[PDB]
Amino acid sequence: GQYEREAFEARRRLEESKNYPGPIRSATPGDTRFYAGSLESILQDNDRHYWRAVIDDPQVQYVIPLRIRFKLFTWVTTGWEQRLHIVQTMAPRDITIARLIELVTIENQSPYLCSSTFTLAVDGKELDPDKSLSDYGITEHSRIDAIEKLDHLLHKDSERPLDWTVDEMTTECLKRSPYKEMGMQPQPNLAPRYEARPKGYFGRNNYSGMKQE
Amino acid sequence: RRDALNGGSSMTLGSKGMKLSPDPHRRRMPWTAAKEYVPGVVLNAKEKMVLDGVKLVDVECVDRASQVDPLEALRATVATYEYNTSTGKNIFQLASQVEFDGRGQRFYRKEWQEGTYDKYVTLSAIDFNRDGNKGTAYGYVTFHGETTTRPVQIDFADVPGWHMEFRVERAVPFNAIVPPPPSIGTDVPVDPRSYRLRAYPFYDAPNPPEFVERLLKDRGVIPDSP
Amino acid sequence: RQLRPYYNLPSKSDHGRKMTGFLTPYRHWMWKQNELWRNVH
Amino acid sequence: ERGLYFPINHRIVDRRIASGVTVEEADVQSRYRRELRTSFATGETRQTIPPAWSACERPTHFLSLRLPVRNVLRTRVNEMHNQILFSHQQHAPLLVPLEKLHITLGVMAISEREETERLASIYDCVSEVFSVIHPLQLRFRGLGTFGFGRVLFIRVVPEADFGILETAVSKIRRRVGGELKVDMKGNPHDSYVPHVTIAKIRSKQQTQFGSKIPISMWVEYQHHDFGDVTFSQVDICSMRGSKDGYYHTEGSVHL
Amino acid sequence: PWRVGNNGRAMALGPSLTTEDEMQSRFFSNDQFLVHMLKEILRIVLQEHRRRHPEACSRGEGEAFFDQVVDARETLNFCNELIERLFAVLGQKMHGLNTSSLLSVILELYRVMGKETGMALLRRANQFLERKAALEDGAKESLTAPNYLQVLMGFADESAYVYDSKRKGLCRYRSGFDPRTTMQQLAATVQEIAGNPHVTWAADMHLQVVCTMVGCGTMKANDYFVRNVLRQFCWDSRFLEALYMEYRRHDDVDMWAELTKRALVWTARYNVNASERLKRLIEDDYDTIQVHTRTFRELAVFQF
Amino acid sequence: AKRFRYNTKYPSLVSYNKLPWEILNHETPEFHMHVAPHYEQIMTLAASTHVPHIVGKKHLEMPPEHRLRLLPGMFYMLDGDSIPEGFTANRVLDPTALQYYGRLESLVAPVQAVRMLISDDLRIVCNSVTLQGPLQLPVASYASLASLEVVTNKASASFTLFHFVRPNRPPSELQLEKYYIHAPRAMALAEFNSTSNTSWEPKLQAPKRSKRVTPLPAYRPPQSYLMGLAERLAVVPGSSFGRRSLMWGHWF
Amino acid sequence: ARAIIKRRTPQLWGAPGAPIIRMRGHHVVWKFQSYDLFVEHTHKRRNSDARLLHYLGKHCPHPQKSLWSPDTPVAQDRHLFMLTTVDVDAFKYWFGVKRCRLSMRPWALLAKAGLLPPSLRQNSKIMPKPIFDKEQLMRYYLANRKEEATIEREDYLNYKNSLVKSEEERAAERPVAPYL
Amino acid sequence: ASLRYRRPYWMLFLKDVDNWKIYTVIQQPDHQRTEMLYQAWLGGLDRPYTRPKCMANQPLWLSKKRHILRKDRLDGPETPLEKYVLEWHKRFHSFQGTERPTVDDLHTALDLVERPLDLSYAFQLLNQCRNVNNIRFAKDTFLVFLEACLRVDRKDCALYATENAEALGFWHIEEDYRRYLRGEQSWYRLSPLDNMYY
Amino acid sequence: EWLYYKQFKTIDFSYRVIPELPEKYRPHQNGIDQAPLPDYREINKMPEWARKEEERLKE
RNA sequence: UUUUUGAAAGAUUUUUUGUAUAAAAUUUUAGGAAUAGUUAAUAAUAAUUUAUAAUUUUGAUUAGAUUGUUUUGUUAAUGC
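This section reports on the structure supplied with the text.

### Remarks on the interface of chain E and chain F
Stage number 1. Each side of the interface is counted separately: chain E has 57 residues, and chain F has 42 residues.
Stage number 2. Roughly 4200 Å² is buried in total at the junction of chain E and chain F, and carbon and sulfur atoms are behind 58% of that figure.
Stage number 3. Linking chain E with chain F are two salt bridges.
Stage number 4. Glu191(F) serves as the salt-bridge partner of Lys220(E), at 3.8 Å between the closest nitrogen and oxygen.
Stage number 5. If you list the elements that add at least two residues to the side of chain E that touches chain F, you get helix 7 (179-195), helix 8 (203-215), helix 9 (221-230), helix 11 (253-269) and helix 13 (286-289) of chain E.
Stage number 6. When residues in the side of chain E that touches chain F are grouped by element, the largest group, nine residues, is from helix 7 of chain E.
Stage number 7. Per-class residue counts for the side of chain E that touches chain F are 28 nonpolar, 16 polar and 13 charged.

### Section: the interface of chain B and chain F
Stage number 1. On the chain F side, the residues contacting the 58 residues of chain B number 48 residues.
Stage number 2. In terms of surface lost to chain F, no three residues of chain B exceed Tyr37(B), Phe143(B) and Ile177(B), which account for 15% of the buried area on that side.
Stage number 3. Between chain B and chain F we count one salt bridge in total.
Stage number 4. With a shortest N-O distance of 3.9 Å, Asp187(B) and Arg103(F) are connected by a salt bridge.
Stage number 5. If you look at where chain B meets chain F, you find 17 residue pairs in polar contact.
Stage number 6. Mapped onto the side of chain B that touches chain F, the elements with two or more residues apiece are strand 2 (119-128), strand 3 (135-143) and helix 3 (209-218) of chain B.

### So, the arrangement of the chains
Stage number 1. The protein chains that touch form 22 pairs of chains, and the pair with the most contacts between them is chains B and F.
Stage number 2. With no contact between them, chain D and chain H keep their nearest C-alpha atoms 17 Å apart.
Stage number 3. At no point do chain E and chain I touch; the closest pair of C-alpha atoms across them sits 36 Å apart.

### Focus on a positive patch on the surface
Stage number 1. Taken together, the side chains of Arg2(G), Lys6(G), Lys44(G) and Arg46(G) define a basic patch exposed on the protein surface.
Stage number 2. Along the chain, the position of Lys44(G) falls in the loop between strand 2 (35-41) and strand 3 (52-59).

### Quick word on unusual backbone geometry
Stage number 1. Positioned with a positive phi, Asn6(B) is a non-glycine residue whose angle comes to about 60°.
Stage number 2. Along the chain, the position of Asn6(B) falls in the segment before helix 1 (70-84).
Stage number 3. Note on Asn6(B): relative accessible area 42%, which makes it partly exposed.
Stage number 4. In this structure, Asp153(H) takes a positive phi of about 70° despite not being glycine.
Stage number 5. Examined against the element boundaries, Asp153(H) turns out to sit in the loop between helix 7 (141-150) and helix 8 (156-163).
Stage number 6. Classification of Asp153(H) as partly exposed rests on a relative accessible area of 38%.

### Remarks on the protein's contact with RNA strand J
Stage number 1. Surrounding RNA strand J, one finds 49 residues, the nearest of these being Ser38(A), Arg1(B), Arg2(D), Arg3(F) and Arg99(G).
Stage number 2. Sugar and phosphate atoms form 67% of the subset of RNA strand J atoms that lie within 4 Å of the protein.
Stage number 3. The separation between a base nitrogen of RNA strand J and a polar side-chain atom of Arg27(B) is 3.4 Å.
Stage number 4. One of the side-chain nitrogen or oxygen atoms of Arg243(F) is found 2.3 Å away from a phosphate oxygen of RNA strand J.
Stage number 5. Counted by class, the surface near RNA strand J contains ten nonpolar, 21 polar and 18 charged residues.

### Details of the packing of aromatic side chains
Stage number 1. Throughout the structure, instances matching the rule amount to 72 aromatic pairs over all chains.
Stage number 2. When the centroid spacing of 5.5 Å and the interplanar angle of 10° are considered together, the rings of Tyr39(F) and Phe75(F) count as stacked. Placement of the pair is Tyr39(F) in helix 1 (residues 30-48) and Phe75(F) in strand 1 (residues 75-78), with a sequence separation of 36 residues. The two residues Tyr39(F) and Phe75(F) agree in class, both being buried.
Stage number 3. Measuring from ring centre to ring centre gives 5.2 Å for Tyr180(H) and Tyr188(H), while their planes differ by 45°; the resulting arrangement is tilted. Pair check on accessibility: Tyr180(H) and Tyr188(H) agree, each one buried.
Stage number 4. Three or more aromatic residues joined by ring pairs form one cluster here, namely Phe107(B), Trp112(B), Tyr117(B), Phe143(B), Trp162(B), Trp2(E), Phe241(F), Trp248(F) and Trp251(F).
Stage number 5. Taking the ring centre of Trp112(B) as reference, the NZ or CZ of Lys119(B) above it sits at 4.7 Å.
Stage number 6. Cation over ring: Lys115(E) sits above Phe65(E), and NZ or CZ is 5.6 Å from the ring centre.

### Brief notes about a nonpolar patch on the surface
Stage number 1. A surface patch of nonpolar side chains, about 300 Å² in accessible area, is lined by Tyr62(A), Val63(A) and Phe148(D).
Stage number 2. Here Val63(A) lies in strand 2 (residues 63-74).

### Here's the deal with the packing of helix 4 (residues 100-112) of chain E against helix 5 (residues 118-133) of chain E
A pair of packed helices is characterised by two quantities: the angle between their axes and the separation of those axes.
All names here are of chain E.
Stage number 1. Close contact between helix 4 and helix 5 brings their axes to 11 Å; oriented N to C, the two are set at 145°. In the packing of helix 4 onto helix 5, the handedness of the crossing is right-handed. Of the residues in helix 5, those in contact with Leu103, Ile106, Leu107, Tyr110 and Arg111 of helix 4 are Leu121, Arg124, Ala125, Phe128 and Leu129.
Stage number 2. Residues that form the contact of helix 4 with helix 5 fall into these classes: eight nonpolar, no polar and two charged.

Cut-off values and rules
- Residues numbered from 1 in each chain as written, not as in the entry; some residues may be left out.
- Chains lettered and ligands numbered in written order.
- Part of a larger assembly, values for the part shown.
- Heavy atoms only, no water.
- Contact = heavy atoms within 4.5 Å.
- Buried area = accessible area lost by both parts, 1.4 Å probe.
- Salt bridge = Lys/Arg side-chain N within 4 Å of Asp/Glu carboxyl O.
- Helix = DSSP H or I, 4+ residues; strand = E, 2+ residues; numbered from the N terminus.
- Nonpolar A, V, L, I, M, F, W, Y, C, P; charged D, E, K, R; others polar.
- Polar contact = N/O pair within 3.5 Å; in protein donor to acceptor, adjacent residues only side chain to side chain.
- Patch = residues over 30% accessible without salt bridge, like charges linked within 9 Å, V, L, I, M, F, W, Y side chains within 5 Å.
- Areas by Shrake-Rupley, 256 points an atom, 1.4 Å probe, with all protein chains shown as cover.
- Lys, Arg positive; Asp, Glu negative; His and termini not counted.
- Charge placed at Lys NZ, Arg CZ, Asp CG, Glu CD.
- Buried < 20%, exposed > 50% of the residue type's maximum accessible area, 1.4 Å probe, protein only.
- Near = heavy atom within 4 Å.
- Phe/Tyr/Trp six-rings, centres within 6.5 Å; stacked < 30°, edge-to-face > 60°.
- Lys NZ or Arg CZ within 6 Å of the ring centre and 35° of its normal.
- Axes fitted to C-alpha atoms, helices over the stretch in contact; angles between N-to-C directions.
- Left-handed = near helix turned anticlockwise from the far one by under 90°.

Keep in mind that these numbers describe shape and distance, not what the molecule does.
So this is what it looks like as structure tokens:
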């Protein structure tokens, strides 16, 4: 890209020059934690909440915000759905993917997703747990996927979630992982209320990148 | 948005149309795009008056108690079939008869030969549900010469308005995948004698003089007294 | 509004609408002299 | 049931995620309350950052204020070491000995081909600054992190004599950096953070001991008072402690 | 489904014009910047020629585009005098850099200012590359996509006509132009080009191919267009602005008008805008082939 | 109608309004719906130019630990059909899936058979499409399929394409698009250089046409009850393609 | 988009609607009825302010006399006058540049002003609406044609910038010897 | 005219259910035992049950349980066609089937006729394969039907089945049977296995 | 047309069909109990046309 | 009691972006005092995390009257 490529070019030239004094840290401003707007927003790594019109020094990014696209079984109240669940982890540049996945395990707040040991991938081909992030070329942009130990089975219908829209929830399902809490029979408050997507939302067939109808 | 008519104009509210955008207009309402709807009410209006004096049998009229004279059950078959062909034939009643489920045969709803409209659906597959007359009917669409480059699902198969003139050439068996029709500019060159295009992207036919003399008459250019 | 011509396609039905929007090709031709004298405007 | 509904502790909107992505396409769930944590809640002491080349080369000469004998910093550091050990037998091989104690007010990459001649002119610039100065009293209070947690040190507080001391050390930084084109780490114009490193992870332990000292070992002292002490000597020393414990005294200045 | 969509994570409809595929003028090292200098100087030499003569730079507007104007040779002397200037003021290092960006500007400089053949262009660029390659190591340098684009454009300038003179329906051509020879050259060079694996094609190259096909009167250009461009390039109405000049040449209005209607269907299908030149192309002799070129509201508003 | 900026509304620990994740499933015809129009461009590719990994000589041989380390995303064409090691093969005759390959076959040698292979690990699936016969493409001498010895040999060449992936995976990690390099047909230009060069005479002008165009059959306006003005209705001229202000050819 | 719609007062879409150049005016006794012409949005709250954009003028529907000028022997001047005060330049900025919908009574007025062409609904009942046909429409354009080189200009200087810095008097901005 | 607002979201796109306002209110504790009784009334279950949080269309699983426990009538299967009719009304009339009848499974039913009763049975299976499951009869079904109505000695049925032949599923009727059931010939076809008419 | 909707209590003449709810909306309370299973021998007696036509074969 | 284009204005051949919840000033009643899902930090934590927490006489919490900050009346006029 006309930015990633070029900022890498210059980030590299900067150390292709030894006649360079260092940065004047009092004059290399950080970012402000207090600003105008309303939220505690996070901008980029190179960006300041204020105006800093300078072209500050292109510095190496020590910890990468790595984004791992899990698979969370959601419950619109009309079936279970497959939807994108990125967990953007701030991870260093020197780490082995083994420790990276240990890291994501500690990082998630939905343990719907770290029940069983999983692995990483980029455009398919797995990454080994003995080499590190630059050992393949992981930036914050590496369009990574994540693959569970039961990903090759979700076309199947054995471990597929037994939903009360189309399936029989026995009593033993009423003491197992999602269903003890999912809230089958509506309380006076419908206690844990979930989403709801129509049975006729997308049309007669489901969601695809290409035009079917 | 993407393509409204004449651009974006506002001398009226109606100058855009009954919808401004061939797209949806919400990203949370996917269905509300603009398809070429064909009447659902009136073309699902199956004349019950053909099906009156027939003493029908129900799927719970299976009892010997309810079994009718096979002559009257023949009245029931002819009645139910005339009852479904009242407005027309669904494609699933069209191409259950033609051999090989009509794969390859170029269908057309009645309008698709009338006017500047010139289109067919060089159908490419048909799959039937348990109940027939419903299912998924895919087809290489063909407008004014040009085909899709993959078999699309065919809209309004499951509405009764269809026709087809089965030519034996297009009888495509259950073993050979439908070879897609050629388009008249790309896959086959153009000849000015075999096919001649009905209307181009600019074309609009001269005024039907019965419509000009109806409009004159009403708007009072043609005197109209009883 | 979108006019309801008495020569529209009357949905012979008791539940929705006794008259639908479906022109006789005179309308789609009359509607022409309608929506071009506005685009001249 | 015991607080706000949508707390502003968790009110966060990250803008390195594209637009619309969290709306209708994808979820970015993470833990943002550690990337939005403050140097006061971690320990990042913004050390003067050396550029590429000066970062590639190891510290050869370093200016340091010498600790006197019979200190308070020494004794409180001794009890800190007792508690480091009684806490963990793990962490003894990371602590700096008590005798290697100094006060770092600058590191400098000196070439040996022009070694002693440059050391002499540097000595001129050091004595010509610290001649009129009085003996210096400083404050040690609360530790911090060099190398992103690699180094743990008892910074001298800016609350007693950092003003005078930093006029001095930025003068001698300017002199050693722009006058005699020696390599102090940073810019000729920056002010190197004077520091008292008390423990460190060295490249020879990175492999086994990590790249970040365990903030549990020391964090009880991250904001402890280590003492106010007086000192009289600024010494340029060559980086060889094994001489007699304290690094090779390549020059002294009494105050 | 009706066409190949230009998707985010991957384009599909090819490029309409070829990029120089490089870094910025700012990112160059001092040496390469020297070549960059002459490249920019030549850019403005061509630009002053275009501004000084607007009739002798637009392709095919009059026979003045065919007669080489006075006061171009002298400027070409100054061009090659800067050229040998860099060639001399840099030696071995002049090899180990990228001179394609200036290569193309020399090509276009001599190509527009003077009026050669496209064979002269390929000969000349090969002279350039052998000249630069005999410097240090036994090698040579493959012209890249832009450099080839200059070749094609020389071919398209080569096969050009003075078509709609005030009423002339003719196609006035150059005095003694032979398209057998020309298209022989073109097919040869394009075989060379498409043999090059690193040369990614783009619609700028394809369109000069196509209007070569048309100016050569081959009656095969539209066939080229369909197999090669129409379906898979985010193409533009200049393809068709050229191709109609091939469609008009048939013997029967029956084929002329129908191929045109098919082209316009392509237009509507592949999301192309009939340019004013397209519509006036048609309208010029629409009184013969009766192909309506105006939407109805456009026609009504023009009349009113 | 454009795209808004950020989710400011909901707790992102419960993904709410998110258009669901497309997963191409090998069991059902959607797998082939997506991977089917892709093969045809890689076919035009390997018929125009030489690209390395397409025309292998045999399967890849890798231990079952590293199979998923190189293969996922591996797609190549062998001289004849032969199951790679560690796989099982399942033919498919479903017409609703086969229907797509129409545009494949009507541009290249017609498709003979189609299989889905699954590894004994269950986790690497190879859609394997075996083609048959003389190609429709003027495959170039410096192609990759030209080295596949198919256009060299006479009719009855049964070469076969393989595309490996992990299953249940979205149409993103199907690295079949990265070969969308478009290269034209120069065989078309190859007429004007050999022995047809003196045979073909080109005409540059147009001939004197004294005859106007023969008009189409007279227009009979429609007689069904029309939907209405396809301008005002937002319906593309054929519900297929066109511009909603280029409302040609909808009944009038 | 509301559960129980407001029945006499729905517009087309949305809660704050597009800007519209309305010409309201309070209904009291006809003698005391004059019209607050003003920009504003479609979907307002009950009063005329909360989506009031920019007061645009006032109209007197009651034709008044020349009691500000003397008694001319000039007919068209002695005729009653109907008066209105526009905000011509903020109308141009709203209508032209922000594109606010021009309602039909306000348009009926500004038509009489000379800003906007006489509206759709000033229908001369006494003449029929037109009859479009492609043969005659194209036969005319054939007959009388205007050129690209005369149309592109007007397109530019009528929808895009029109201050032609006269090439000759761009000389006044190209400095002289002390910096030339 | 959208019910999008008046009723909850997931009940967007609910048509052909009557008065959905009950499921909107199905959580409120009185309506809760109201539907506890409606479900026990519809039966099929043993322990208490109501349709789940946000379902108006009853579960597909419970609908299948009742649709299969509802006892198929004709407890008197004697003739081949009564057994075949119980099996066919378990195959193509069990809840949510994906198989649609075969002309080759109409043939067997049609060839189990002893009496006019079975004539009516297989005739109604013809009705369904003709009009319910939208199938194509074989080339030679008119014979399998002509003989099947002779097996009860019916001629009026076959003459009506020839006179109105477009709407039955019989597209190929050779002129021999037309001439036969009129009398234009007094014989329809020579079985060539034994080279004898009839 | 509007007469149809006017029976409904869409409080706004809405062209929507809000079904007016009764208090006794289900059979379990409106007094209707289950279906009476007719005797399978009562529905397994031959029909009369079929009997008169069963007796016309011996002739 | 405060908030946006993503609806719409709204124009093209496609994927197109960073502007929002926050506040700040003013608050009544004769006899005037205690109030409470609590304050801050961690937190996309803690129905049992940490703590010398927060509101108040600069008039708090309870209760009472009361629609909150360009519209009048009087007066030469601060006012009322």
